[PDB]
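Chain IDs A, B, C, D, E and F follow the sequence of writing; residue 1 opens each chain.
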């Protein structure tokens, strides 16, 4: 089932500063009291990160190019955001990856979904119409004023799709908090398919429809070197972007 | 920065040792920097070529390290000879040499 | 520990012996340098128990009896202010003996002037 | 020593002759698989990562996703056991130079062996900071240095004393 | 300006850093030598007219 | 072919750096001697013969 949503209010997407967010662990190696330089797909410090809102009437669900990697930031309360869609053409011609978290359990599927033009979930107070060739299924634990900061990094390297995640308790009302939080790697997924475009999934509220208050940020990864600092307990506490300014260089 | 002269020597020696150990992680054009990986992954006819590349790269690194150590040892020997001259002429006697 | 690597390495000759010889020469050279700089007297001189030097105070440079390392306050400050086939050989002269040599030189130059450097 | 110096007569002094590379005793393969042993120099195989080292208990608190551990010099010194969720330190197997302390062959043929940087419990046995000295009787008297050993220790012939 | 040559050069490690560091040490050493030889007075004396 | 060029040029550069370091040591010794002559001959009268 698909429904066209025709009650949106036109507004350009916003932009804001990334600050020192988007950092993740480059590998599975514990390091203690050392500084390590890595050349990986990273998000630049103080970069221009795209800002989308869900407020009531704004319901921001565009489809964005994946590029070389994606940083997703979520200033979320009440768990409106439920999952993501990855693929190339988002139809039955190609094979697409679906990540969902409904009210009970987390489902990961790789199928040829016939996606809706406007796919969404609904809570009372519809993502695809068909799935023909399903090659992989994976059921996992629940991943999930704005009260929760959910940071995710998605990469598609060597046919392996890496999901890095971090949850932060925050109390900032509108923008991103300023601080440092390293993203732990969560899921290493063996898909081996082409991904060039993605779309996030929101949840409607029914009492027409109402959009719950949520905000998300999309940033893109570029290949660069970071200098990571490891404390005595092996937790990444600081990082340096070697290409940002001459002092950090 | 009062004791910079000793600290520079300690830092240079530690940095040279650190670089020498870091040179082990370079493959020098071989498939891998680990000998065990080459022994487990390839037959001896190609393994001899891969270990030959690793041996020549590591030997060049070690020769470079030894040459740097010899030059630094010569500099420290000159400094020590100067220090012995100061010990003999300034502490064990009064020196008329200016400065 | 690769035997194949050692077998291939033996084809290159005595490079390893040369490098070991050079490092051994440097290592003995460091001990020779310390021996030349600090061991210039063969008598261990000691200061008198009463430090009556006509108003001159040498407490900051003489060894401290209260400290277990038997170092001077200046020497203690100096030691505080300095912070796969690889081995580090210890020096022949320990810090205590080098401190003892400096103490002997200080005692000689305080109680005897330059006479101890030229004879008795 | 005679073979090393290419002479049938050896002068008085300390001469570095060989290396004491402790040999691996067993082979341990761990997968998520034989039994795991500790406090011995063994050939370890942790999830396809092979090597030779002594496996001891570790005080490093690893994060749940991390499996390996590296030092400053990018060498794997810590590992997590796949079968049982525990952390192990890999200390490298004991190695050091083997030096022979002898007087002149004109005087005597007695020799002493110095294992540099090697504890005496895992090799007239005396423990010095330089290493383990076998064949020299330690005395409490102090004399002038005849053959330098290191860390303030010197050897002489009178038997060989240290 | 060959990218392929630089990519192959990266396999050999930090040789380039070592050479640059050694040359930098020599370059600062020359300035130190000139300071030691000539800059031994902190007052610029002048002759009488 | 590029590997052969790289190893030859790298060997040449290492050789050049090695002689530069040796010459730097010689010039440093000469500069130390010059500083000693400046301190003892210009800033004072020296009793050292020659």
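Brief remarks follow.
By definition in this document, contacts are C-beta pairs under 8 Å (C-beta built on N, C-alpha and C of every residue); 3 or more make two chains touch, one makes a residue touch a chain.
For chain C, the chain whose average C-alpha position is most distant is A. Centre-to-centre separation of chain B and chain D, using mean CA positions: 23 Å. Between the Cα centres of chain A and chain D there is a gap of 52 Å.
Note: centroid distance chain D to chain F, computed from Cα atoms, is 40 Å.
Mean C-alpha positions place chain B and chain F at a centre distance of 19 Å. Of all residues in chain C, those that touch two or more other chains are 84. Touching chain pairs in this entry, ordered by label, are A-D, B-C, B-D, B-E, B-F, C-D, E-F. The touching residues of chain D, counted against chain A in their complex, run 60-63, 65-72, 78. Residues 2, 4-5, 8-9, 12, 15, 19, 22-23, 26, 29-30, 33-34, 36-38, 40, 78, 81-82, 84, 86, 105, 108-109, 114, 116-118 of chain C touch chain B in their complex.
Those residues of chain B lying in contact with chain D across their complex are 18, 21-22, 25, 36, 40. Considering their complex, residues 3, 14, 18, 21-22, 25, 28-29, 32, 39-40, 43-44, 46-48 of chain F touch chain B.
By the touch criterion given at the top, residues 2-3, 5-6, 10, 13-14, 17, 20-21, 24, 27-28, 31-32, 34-35, 38-39, 43 of chain F touch chain E in their complex.
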